[PDB]
Amino acid sequence: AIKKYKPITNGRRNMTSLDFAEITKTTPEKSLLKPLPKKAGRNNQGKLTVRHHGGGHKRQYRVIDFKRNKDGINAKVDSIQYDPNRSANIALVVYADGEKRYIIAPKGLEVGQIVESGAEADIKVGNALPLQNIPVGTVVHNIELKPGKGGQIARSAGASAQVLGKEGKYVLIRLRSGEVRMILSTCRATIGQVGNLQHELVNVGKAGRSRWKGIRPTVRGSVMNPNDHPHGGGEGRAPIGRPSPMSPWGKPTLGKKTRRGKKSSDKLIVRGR
Amino acid sequence: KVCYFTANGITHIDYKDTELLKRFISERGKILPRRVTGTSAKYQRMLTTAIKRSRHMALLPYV
Amino acid sequence: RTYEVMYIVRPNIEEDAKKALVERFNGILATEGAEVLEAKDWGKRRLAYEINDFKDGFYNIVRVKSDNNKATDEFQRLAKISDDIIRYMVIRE
Amino acid sequence: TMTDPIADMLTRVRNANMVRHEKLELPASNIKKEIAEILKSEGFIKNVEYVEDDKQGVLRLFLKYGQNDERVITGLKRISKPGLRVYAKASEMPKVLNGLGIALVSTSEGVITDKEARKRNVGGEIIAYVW
Amino acid sequence: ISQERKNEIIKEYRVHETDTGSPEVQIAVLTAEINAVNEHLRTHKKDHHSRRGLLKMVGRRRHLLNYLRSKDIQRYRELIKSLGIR
RNA sequence: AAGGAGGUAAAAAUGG
RNA sequence: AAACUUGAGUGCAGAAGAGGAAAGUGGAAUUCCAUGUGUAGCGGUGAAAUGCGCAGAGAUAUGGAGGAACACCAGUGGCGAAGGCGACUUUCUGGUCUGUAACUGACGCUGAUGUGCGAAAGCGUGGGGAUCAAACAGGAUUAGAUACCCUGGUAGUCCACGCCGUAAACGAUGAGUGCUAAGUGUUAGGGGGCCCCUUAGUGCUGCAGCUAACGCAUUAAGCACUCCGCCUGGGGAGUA
Ligand SMILES: [Mg+2]
Ligand SMILES: [Mg+2]
Ligand SMILES: [Mg+2]
Ligand SMILES: [Mg+2]
Ligand SMILES: [Mg+2]
Ligand SMILES: [Mg+2]
Ligand SMILES: [Mg+2]
Ligand SMILES: [Mg+2]
Ligand SMILES: [Mg+2]
């Protein structure tokens, strides 16, 4: 899974990478591609509103079926494939009627396997069902928040959640963060855990590789000027020198909560992370 | 003394024979010791396995 | 290789639903080249202890012979997933 | 496993003599039979019988006790061993107990006692001491 | 291995009918057992206790092969090329 | 009746 | 060079087993969370205090979450080379014992160097985290108390994969082989009439013999042979 480079150079020293044994086809489905030009963290005014985005390799977008709303028709896993737009891999599946779609590739999904969606689907990895019909205790991913909108929760590499119980109109789930919350039982989820579990272990190992990934450098607040950052200025190095560390925009940024009050989901969230 | 199984000649114990297992089970459900029931060790092992099978299948109680 | 499979169906089961369940699981135990030597029902029996808050259970006994255990594994998987069978156990002989 | 049948025979004789047994059965061999015959001739044992059965046969020794139940054999010692073999010349032949014992020897002229070895002026492998 | 497979192997490699103790028969059966235990260990790597019996079998087969090579070189060569154990 | 082995409680101020 | 079957293996018929690896299921109990009833204690000790509790603790009832270990059986019982192995079920797999006498015909024993396993703690990566608990904080005892005791409590204790390679890793008793009085248990078998004989273990008692003595004594620490490892006054030192 993880490959460790020999230290042929100081750049390669300690660098590791996925071996990509999972991948079975190294080119994407042409018809499922869309252009994805880079924003570099700049909004519709042309201003940089999110720092440290820019550059990086060119990427094509893969259209992904998060909704899994094609029910009662089997689909055969044509291939596992690399996807530059997400940490997870994607499975090209081919429906018995000939339609081809990408889905998040769950751990253990194999080429040739069959997946289905709907209320009558079996409880096996890659099948998508309403939480109504998913048994308690099952591990799932790609969970919807609104019926028919498509999965939004547990879609990162190795992501999963666990079904805990069934209230009237809601199902209790424990999310990867540890939060326990209610989700409308009419929402869908896919059985299993998102694959590519070793994603988090990769040691990027050099600055250029982050640059390829489109991460521009983070400059620390303490080495700016007072007009730049609350931590700027001071002769020589300086400690924080005030009651709390501050964001570049002057808000406390260590322990200060920022979840907004009077939110609709506050009565659905049973236990925070 | 004499062993019940050795005397009766039965060479196998069925875990669904709750009436027989109740003979060697205690009032609270514990398995009676070999030195008390008189059984041989060979059949004591079989009896213990059968009793645990029945307990698992809820034929017999734990406590 | 013989196998005795004992399972317990919940006591609040309808007659037709229980018949369908027993038939489905017997067929499952028969699928993978496994011959069901004989299946029978011991009726509804008191449980020595409450399982899932049930004081009774419909006891089904099955004997099936096979050269492998694919049928038994499928039965156990579907019994774990099922909310209608409370307990199950497979004995070799 | 077994490594010195002569040693084993001597040790059987020693153990039987200690317990004051009357007879003694051991597996047979030509060398054991010649040793037993030498013992009988010299007077340390009463009798020797050979059973020519399968599996190499058996040697049945009958031990000799004197008056007052005294033991005729005081001790038997293996001299030449598989781990270190001992040979002696005719002029270097040892006297067991200043002559009151025998040293059983193996010679080109058959296994004999040290007295016969000295008489015929020969040496050989010193199988054992007995006294 | 199953007793049926053992019977097949002893029939195949027996020097004469009713021969079960020949070095050829013993070492062929040992080869079959060694291969079966190797296949077991490939899945159950951490089965050191089984692997010890495997090593005992390997040593016994080696000693049989040594004796056979000392007694009859041609038979030894034929057997090793038949079993592919060199 | 007297000796050998295993388990197993309940108690406890400090300094000679 | 040629023969033999007694040793050593193999075949055939049987036996028991917490032997190992991987999945699955289950009851008791502890902790935590939510809720109803309920009042001023709980807990703890030699005695106390810290601590928890008037925000409603502890107790009690119900439900849920999760981890770890498997009450009785259980036994000088069993299995394994040793370490070790104790809920149940399935799959794969190792070893051992009994009888038979086809089968090979000495093919055996030991084993330096080597190559593996190896309790607990410990280390790395990733998980997990109930209980217990180094470190640590507070209380008590005390002349002092870096402790024993009390209240908490982190690593760790658990899992996977690697690493380490050490224990009073002990029977303080190397392996193999044969021989030398007896009595009596127990485990798994076999043969002959509850009894007798017998094989392999596991215990106790006890001759000859051995031993400085204690003791060992067919499971030798007796009598012998083979091979290996190891010792040569106490410290220094398992150090440089
Ligand atoms: Mg940033
Ligand atoms: Mg500056
Ligand atoms: Mg400012
Ligand atoms: Mg300064
Ligand atoms: Mg400052
Ligand atoms: Mg450890
Ligand atoms: Mg403590
Ligand atoms: Mg030692
Ligand atoms: Mg014995």
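Proteins get letters first, then strands, A, B, ... in listed order; numbering begins at 1 in each.
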### Query
Any Watson-Crick or G-U wobble pairing between G/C85 and G/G78, both distances under 3.5 Å?
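G/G78 and G/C85 meet the Watson-Crick or G-U wobble geometry.
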Check every strand shown and say whether [X] touches a base, only sugar-phosphate, or nothing at a heavy-atom separation below 4.0 Å.
{"X": "A/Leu201", "answer": "sugar-phosphate"}
{"X": "B/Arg45", "answer": "sugar-phosphate"}
{"X": "E/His48", "answer": "sugar-phosphate"}
{"X": "B/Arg28", "answer": "nothing"}
{"X": "D/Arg20", "answer": "nothing"}
{"X": "E/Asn7", "answer": "sugar-phosphate"}
{"X": "C/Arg92", "answer": "sugar-phosphate"}
{"X": "C/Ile91", "answer": "sugar-phosphate"}

### Message
Set out, in order, the CA-CA distance, both residues' side-chain angles and the distance that settles ring-ring contact (aromatic ring centres under 6.0 Å, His included) for B/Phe24 and B/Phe5, then state yes or no.
### Response
CA-CA 11 Å; B/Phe24 307 91; B/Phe5 308 90; 4.9 Å; yes
Between [Y] and [X], is there a side-chain donor-acceptor contact under 3.5 Å, judged purely by atom types and distance?
{"X": "E/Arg5", "Y": "E/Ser2", "result": "no"}
{"X": "E/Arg62", "Y": "E/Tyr67", "result": "no"}
{"X": "E/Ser50", "Y": "E/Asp47", "result": "yes"}
{"X": "A/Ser156", "Y": "A/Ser87", "result": "yes"}
{"X": "A/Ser160", "Y": "A/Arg176", "result": "no"}
{"X": "B/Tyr4", "Y": "B/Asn8", "result": "yes"}
{"X": "D/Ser80", "Y": "D/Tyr87", "result": "no"}
{"X": "C/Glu93", "Y": "C/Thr2", "result": "no"}
{"X": "B/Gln44", "Y": "B/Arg34", "result": "no"}

Sugar geometry class by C1'-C2'-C3'-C4' for [N]:
{"N": "G/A221", "answer": "south"}
{"N": "G/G14", "answer": "north"}
{"N": "G/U173", "answer": "south"}

Find the distance [X]:[atom1] to [N]:[atom2] and express it as a whole number of Å.
{"X": "C/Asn68", "N": "G/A23", "atom1": "CG", "atom2": "P", "value": "21 Å"}
{"X": "D/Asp4", "N": "G/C179", "atom1": "CG", "atom2": "P", "value": "15 Å"}
{"X": "A/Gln162", "N": "G/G127", "atom1": "CD", "atom2": "P", "value": "17 Å"}
{"X": "D/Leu59", "N": "G/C179", "atom1": "CG", "atom2": "P", "value": "15 Å"}
{"X": "E/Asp47", "N": "G/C85", "atom1": "CG", "atom2": "P", "value": "16 Å"}
{"X": "B/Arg55", "N": "G/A71", "atom1": "CZ", "atom2": "P", "value": "11 Å"}
{"X": "B/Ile31", "N": "G/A71", "atom1": "CD1", "atom2": "P", "value": "11 Å"}
{"X": "E/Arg62", "N": "G/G111", "atom1": "CZ", "atom2": "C1'", "value": "17 Å"}

Between [X] and [N], does any side-chain N or O lie under 4.0 Å from OP1 or OP2?
{"X": "E/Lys56", "N": "G/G94", "answer": "no"}
{"X": "B/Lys52", "N": "G/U89", "answer": "no"}
{"X": "D/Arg12", "N": "G/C223", "answer": "no"}
{"X": "B/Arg35", "N": "G/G75", "answer": "yes"}
{"X": "C/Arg1", "N": "G/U91", "answer": "yes"}
{"X": "D/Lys55", "N": "G/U6", "answer": "yes"}
{"X": "C/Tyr3", "N": "G/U91", "answer": "yes"}
{"X": "E/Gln3", "N": "G/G14", "answer": "no"}
{"X": "A/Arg271", "N": "G/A34", "answer": "no"}

### Message
With a 4.0 Å cut-off on N to O distance, would you call D/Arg85 and D/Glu125 a salt bridge?
### Response
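Yes, this pair counts.
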Looking at [X] and [N], is any side-chain donor or acceptor paired with a base atom of the opposite kind under 3.5 Å?
{"X": "E/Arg52", "N": "G/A81", "value": "yes"}
{"X": "D/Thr3", "N": "G/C225", "value": "yes"}
{"X": "E/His49", "N": "G/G84", "value": "no"}

Using a cutoff of under 3.5 Å, can you pull out all pairs of nitrogen or oxygen atoms linking the protein to nucleotides 103-106 of chain G, with atom names and distances?
unit_1 : atom_1 : unit_2  : atom_2 : d
G/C103 : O2'    : E/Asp19 : OD1    : 2.8
G/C103 : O2'    : E/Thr20 : N      : 3.1
G/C103 : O2'    : E/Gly21 : N      : 3.1
G/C103 : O2     : E/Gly21 : N      : 3.3
G/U104 : OP1    : E/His16 : NE2    : 3.3
G/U104 : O4'    : E/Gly21 : O      : 3.2
G/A106 : OP1    : E/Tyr67 : OH     : 2.5

### Message
Would E/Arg69 and E/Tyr76 count as a cation-pi pair here, with the cationic atom under 6.0 angstrom from the ring centre and within 45° of the axis?
### Response
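Yes, E/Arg69 and E/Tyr76 form such a contact.
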#### Entry: Ring-face cation contact, D/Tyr50 with D/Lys33, 6.0 Å cut, 45° max
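Judged by the rule (NZ or CZ under 6.0 Å from the ring centre, within 45° of its axis), D/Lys33 counts as positioned above D/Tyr50.
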Applying the Watson-Crick and G-U wobble criteria at under 3.5 Å, what pairs with [N]? Answer none if nothing qualifies.
{"N": "G/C204", "value": "G/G183"}
{"N": "G/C92", "value": "G/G20"}
{"N": "G/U115", "value": "none"}
{"N": "G/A61", "value": "G/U35"}

### Task
By nearest nucleotide on RNA chain G, pick out whichever of B/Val63 and E/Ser50 is the more 5' one.
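The residue closer to the strand's 5' end, by nearest nucleotide, is B/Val63.
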### Comparing D/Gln56 and B/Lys42 on RNA chain G - which has the more 5′ nearest nucleotide
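The 5'-side residue here is D/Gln56.
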#### Entry: Side-chain touch E/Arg14/E/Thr20, heavy atoms, less than 4.5 angstrom
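The answer is no, as the side chains (C-beta and beyond) never meet within the 4.5 Å cut-off.
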### Message
Under 5.5 Å between six-membered ring centres and under 30° between their planes: does that hold for the bases of G/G20 and G/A21?
### Response
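Stacking between G/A21 and G/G20 is present - centres under 5.5 Å, planes under 30°.
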### Geometric stacking, G/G176 and G/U177, six-membered rings, under 5.5 angstrom and under 30 degrees
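The answer, once centre distance and plane angle are checked, is that they stack.
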### Query
For G/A133, does the glycosidic angle fall within 90° of 0 (syn) or outside that (anti)?
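Classified anti.
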### Task
For G/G75, measure the glycosidic angle (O4'-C1'-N9-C4 for a purine, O4'-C1'-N1-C2 for a pyrimidine) and name it syn if it falls within 90° of 0, otherwise anti.
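What G/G75 shows is a syn base, its glycosidic angle lying within 90° of 0.
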#### Entry: Among G/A181, G/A65, G/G94, the one nearest D/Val19 by side-chain distance
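My answer, after comparing the listed nucleotides, is G/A181.
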#### Entry: Closest to the B/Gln44 side chain, choosing from G/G24, G/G94, G/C73
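Selected nucleotide (nearest to the side chain): G/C73.
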Find every protein N or O atom lying less than 3.5 Å from an N or O atom of nucleotides 159-166 of chain G, and list the pairs.
unit_1 : atom_1 : unit_2  : atom_2 : d
G/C161 : OP2    : E/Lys46 : NZ     : 3.4

